[PDB]
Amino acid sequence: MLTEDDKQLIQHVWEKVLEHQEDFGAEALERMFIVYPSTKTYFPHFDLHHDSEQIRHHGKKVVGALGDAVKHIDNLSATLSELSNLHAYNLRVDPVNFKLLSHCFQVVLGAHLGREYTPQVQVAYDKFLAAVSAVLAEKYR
């Protein structure tokens, strides 16, 4: 499970993210769309050009949700219930894609922290993002 050390490493990195929710979120999404083009089919209603209004606003929403996850890390399922129903029942998101976005978010973190994105910080975020992903897909099981 996530240790107290994991949580502290996560929070330290997170307060930086919260300062630029739009930028971070949009970058994670754009890397996913460019590197894994198949994911773009979930957003036909979006103008997917670089820094589009829809990408930036959604990027902020994604980061906001992850932020809420950080706060209620011991109560993930309950906190993301509405979102888990949305992604499973409404959007029918393939579980594989949660891993792709999680990976892209880690790339954004790595690019922004450089030297500071240590193996320990990576482990912490891998655990965190994997936990969030499991919850967003739990309505499939």
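For every residue, the number given is its place in the sequence shown, counted from 1.
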*Which has higher Cα B-factors on average according to the PDB entry: 37-45 or 65-73?*
65-73
_128-136 set against 14-22, stretch whose average Cα temperature factor tops the other in the entry_ = 14-22
*Deposited CA B-factor, highest of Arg115, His87, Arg31, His58*: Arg115
*Tell me which of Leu109, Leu101, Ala78, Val96 tops the list for C-alpha B factor in the record.*
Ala78
